[PDB]
Ligand SMILES: [Zn+2]
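Numbering (the authors' numbering), first residue to last: 2 to 156, 159 to 383.
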């Protein structure tokens, strides 16, 4: 007897039919208070050594159907080690065809990043002499909005570098990226002995929000918070009831100041790591151009995964572009301001059939970007 369950952190699925392994019928559940549908995460038990054919009947009705083109789902026996599994898409339905090796398995859209993991990581990070953690406010559902500051005393004002992640809760790659970056700043693991963090603290103070959408995350949402708001459309006029997550963070950025800004996302459609810059802003000066180009050049050197060939086609500027964090910040502060995008699929330039794009590659990217930040501040 097969059983599909989803009542856990970030769980999401609607089961249509589940009584023959070769005829499992499913629907992407969708965001809790929004029409956007794309994230899925479920547990399947009772299928050891049985070929499971799991068809997502509403695949074409999802937020980004091209997200299913050349895409493989991820799976795990224990929530620790994740791997890609055989998946096909015909523009109408999506099907995972996989034979579980053990009694209990999970399938998901991307390697998850749980609330527990967040709490364990921040609970350890706060113990570093250079760390502090401040609760800026509460989410819709009373979860903390936590700001991690990493820095040493100013004896000359240090540059304020802001990194926010996971405004879109299903983009768990964003929190993995922050974890890799923070681990390097901590001098943990293989980062012990590395001089980049030390040099950085002489020039820069970091202000980091690892999870911009705690509620959306646990809800199994892709794009919205628990009230149905797209947080990355709330930056020009956030609300205490609808978008307290942005209200609290935007207030802190204004109070604290900002010299460099990075908004960390994942992209459904494109199999590339890329940035969206501020060049479309009418406020984009020659010096800003010089600075953005030079950071991008440094990031290309720091990380072979990062590239500029592929990305969003930069359409004409419209006033509502300021609803997006990196544009709002770019316009308001006149500083280096970027959206960074990681793929749900793989990096097509450097594919990995076993894992595609994942937690470890996202984290390596975050650690690499630190080295580009250092190069950058040492130049400007
Ligand atoms: Zn996003």
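C-beta atoms are modelled at their ideal positions from N, C-alpha and C, and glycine is treated no differently.
Asked: Is the region 311-327 in contact with the region 222-231, if contact means three or more CB pairs nearer than 8 Å?; Found: no
Asked: Taking 8 Å as the threshold, find out whether the region 250-263 comes into contact with the region 182-195 through three or more Cβ pairs.; Found: no
Asked: Compute the minimum distance between the beta carbon of residue 312 and the heavy atoms of ligand 1, and state whether it is under 6 Å.; Found: no
Asked: For residue 365, tell me which candidate among 379, 357, 377 and 349 has the shortest Cα-Cα distance.; Found: 349
Asked: For the beta strand (DSSP E) that contains residue 106, what are its first and last residues?; Found: 105-109
Asked: Check whether the Cβ atoms of residue 242 and residue 65 lie closer than 7 Å to each other.; Found: no
Asked: Looking at the unbroken beta strand (DSSP E) that takes in residue 179, where does it start and where does it end?; Found: Per DSSP, residue 179 belongs to no beta strand (DSSP E); it is in the alpha helix (DSSP H), 176-189.
Asked: So residue 84 packs on residue 76, CB below 8 Å; how close in whole Å?; Found: 6 Å
Asked: My parser needs the beta strand (DSSP E) runs of 3 or more residues fully inside the region 191-250; what are they?; Found: 207-212
Asked: I'd like the list of long-range same chain contacts for residue 281, defined as Cβ closer than 6 Å, with 5 residues on each side in sequence excluded.; Found: 287, 333 and 340
Asked: Let me confirm a value: residue 156 is counted as buried when at least 16 other C-beta atoms fall within 10 Å, else exposed. Which label applies?; Found: exposed
Asked: Just to check, is the beta-carbon of residue 379 closer than 6 Å to a non-hydrogen atom of ligand 1?; Found: no
Asked: By the three-class DSSP mapping on this structure, what secondary structure does residue 331 have?; Found: helix
Asked: Could you please give me the residues that DSSP links to residue 340 through a beta bridge?; Found: 264
Asked: In this structure, does DSSP put residue 138 in helix, strand or coil?; Found: strand
Asked: Within 10 angstroms of the Cβ of residue 174, are there 16 or more other Cβ atoms? Answer buried if so, exposed if not.; Found: buried
Asked: Do residue 371 and residue 305 have their C-beta atoms closer together than 7 Å?; Found: yes
Asked: Are residue 207 and residue 164 closer than 7 Å when you measure CB to CB?; Found: yes
Asked: Based on the DSSP output, what are the partners of residue 163 in its beta bridges?; Found: 208
Asked: What are the boundary residues of the beta strand (DSSP E) that includes residue 99?; Found: 95-99
Asked: In the DSSP assignment, what residue or residues form a beta bridge with residue 270?; Found: 346
Asked: Measure the CB-CB distance between residue 368 and residue 180 and report whether it falls below 7 Å.; Found: yes
Asked: Tell me whether the beta-carbon of residue 54 lies closer than 7 Å to the beta-carbon of residue 98.; Found: yes
Asked: What is the DSSP secondary structure of residue 5, reduced to helix, strand or coil?; Found: strand
Asked: Opposite residue 16 in the DSSP bridges: which residues?; Found: 27
Asked: Any idea what DSSP makes of residue 382, helix, strand or coil?; Found: helix
Asked: Based on DSSP bridge pairs, tell me the residues matched to residue 63.; Found: DSSP output for residue 63 lists no bridge partner at all.
Asked: Can you list every residue whose CB sits closer than 7 Å to some heavy atom of ligand 1, going in chain order?; Found: 170, 171, 174, 235, 268 and 269
Asked: Report the three-state DSSP secondary structure of residue 372 (helix, strand or coil).; Found: helix
Asked: Throw me the rounded Cβ distance for the residue 247 and residue 141 pair, which I believe falls under 8 Å.; Found: 6 Å
Asked: Tell me the DSSP secondary structure of residue 296 in three-state form.; Found: helix
Asked: Along the beta strand (DSSP E) that carries residue 324, what are the first and last residues, could you check?; Found: Residue 324 -> no beta strand (DSSP E), and no H or E assigned at all.
Asked: Please determine if the region 38-49 and the region 9-17 are in contact, where contact requires at least 3 C-beta pairs separated by less than 8 Å.; Found: yes
Asked: Spell out the partners DSSP gives residue 276 in its beta bridges.; Found: 309
Asked: Please classify residue 304: does DSSP put it in a helix, a strand, or coil?; Found: helix
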